[PDB]
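Enquirer: Could you have a look at this structure, given as structure tokens, before my questions?
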Ligand SMILES: O=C1C(Br)=CC(=C(c2cc(Br)c(O)c(Br)c2)c2ccccc2S(=O)(=O)O)C=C1Br
Ligand code: NA
């Protein structure tokens, strides 16, 4: 599913991401924009053999099981395919674990390089 901007904001807000660990909703929408262009079926194969999955491009080395990332963990205790669903619940709850790592949203390269420090509030402009 390719979400609309405010459609994703509403789903992320309903799922509690607005100011989660201090990160305003716009930060999460911005991260999803640049990680996946709002597409739940986004994937990217990395150099190390891991794969990033879903609207927030969550990685199989630590967070989900795809059966093809040797030596990896499954800390969110989900198949990586669950991160591709139209329903973003699994991606959101796994992201909450990630952002609690200690490095916050810096875990998302696209957030650090394209959202951090910018006017992230624009990403929820006009939404209810
Ligand atoms: O006592 C509660 C009550 Br009541 C609600 C909630 C949640 C919730 C709340 C709202 Br409101 C909502 O719109 C959605 Br969707 C889920 C929730 C449930 C499962 C997983 C994550 C959440 S989380 O989103 O809170 O992380 C958790 C506890 Br504990
Ligand atoms: Na894994």
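Enquirer: Report the paramagnetic label zone for residue 14: residues of region 39-53 whose backbone N is under 20 Å from a point 7 Å from Cα along the Cα-to-Cβ axis.
Expert: 39-41
Enquirer: Here is a further query. Give the angle, between 0 and 90 degrees and rounded to the nearest 10, that separates the Cα long axis of helix 5-14 from the longest principal axis of the Cα atoms of the chain.
Expert: So the inclination is approximately 80 degrees.
Enquirer: For the Cα atoms of the chain, what angle does the longest principal axis make with the long axis of helix 25-36, in degrees from 0 to 90, nearest 10?
Expert: Orientation of helix 25-36: about 50 degrees from the principal axis.
Enquirer: While we're on this one: Relative contact order for the chain: what is it in percent, counting Cα pairs under 8 Å that are at least 6 residues apart? List each step's numbers first, then the result.
Expert: Numbers: 217 pairs, mean separation 35.2, N = 128.
Across the chain, relative contact order equals 27 percent.
Enquirer: Quick one: in the chain, what % of C-alpha pairs are over 19 Å apart? All intermediate terms of the calculation are to be shown ahead of the outcome.
Expert: Working: 3482 of 8128 pairs.
Within the chain, distances greater than 19 Å cover 43 percent of Cα pairs.
Enquirer: What 222 nm value per residue comes from the helices of the chain, counting each DSSP H run with n ≥ 4 as -39,500 (n - 2.57) and dividing by all residues, nearest 500 deg cm²/dmol? Show your work: numbers first, answer last.
Expert: Values: 4 runs with 39 residues, N = 128.
The helix-only estimate for the chain comes to -9000 deg cm²/dmol at 222 nm.
Enquirer: Mind grabbing the base-10 log of I(q)/I(0) for region 86-126 at q = 0.17, 0.32 Å⁻¹? Debye formula, identical points on the C-alpha positions, no solvent, two decimal places.
Expert: -0.59, -0.98
Virtual Cβ from ideal backbone geometry, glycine too; neighbours counted across all protein chains shown. Where a number appears in this text, it was derived from the coordinates with a stated rule and is not lab data.
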